[PDB]
Structure formats: C-alpha cells, structure tokens
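S.K.: Take this structure first; my questions come after.
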Amino acid sequence: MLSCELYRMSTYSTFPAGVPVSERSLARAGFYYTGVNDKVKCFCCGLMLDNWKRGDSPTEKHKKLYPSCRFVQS
Ligand SMILES: [Zn+2]
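The structure is reproduced here in structure tokens:
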C-alpha cells in the first residue's frame, strides 16, 4: 500500500542502533524495516539487504543488484 519516504521511515522505529547507514538514505533508496535485525526490502522490487559496510550507497547497491526495479529509476 503506502510506499513514501515518511511511511518507510515509520518502519525504522524498532531498527537496531549502531548501523553504519543513515535510516533516511535506506528509506530514500526505497527500502523499509521488516523486523529482522538489519533487514530491509524494496517496496517496488522487494529486494532484501542486510549486513552493510561503512559509507555504502543504498541507491547505488539497489541499482547494482536489481536494476529492473521501477522505483530504481528516479
Ligand atoms: Zn527496488
């Protein structure tokens, strides 16, 4: 249903701290929180991503992994 930068930011309320990637960027790319520790998923393509490194661009990786996503255009 709802898949904006605000609704996707509301799923990052129970997200574990200490993560090396800003929640905004994660939601900006088109991912949200599913509940699993460090577990996001695309809203258009629905790609799951976790265990990120330091300074990793969510958008870049998203297009580098699933470039067929309709929300990966922007
Ligand atoms: Zn996607």
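The sequence shown begins at 25 in PDB author numbering and counts up by one.
For every residue, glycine included, the Cβ atom is placed at its ideal position computed from N, Cα and C.
1. Please confirm whether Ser98 and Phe67 have their CB atoms less than 8 Å apart.
2. On the three-state DSSP scale, how would you describe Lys87?
3. Run the Cβ filter for me: residues under 6 Å from any heavy atom of ligand 1, listed in the order they occur in the chain.
4. Looking only at its chain, what residues have a beta carbon closer than 6 Å to the beta carbon of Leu73, apart from the 5 residues adjacent to it on each side?
5. Should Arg32 be labelled buried (16 or more other beta-carbon atoms within 10 Å of its own) or exposed?
M.R.: Quick look at the numbers:
1. no
2. helix
3. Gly54, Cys66, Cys68, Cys69, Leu71, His86, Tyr90, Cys93, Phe95 and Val96
4. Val64
5. buried
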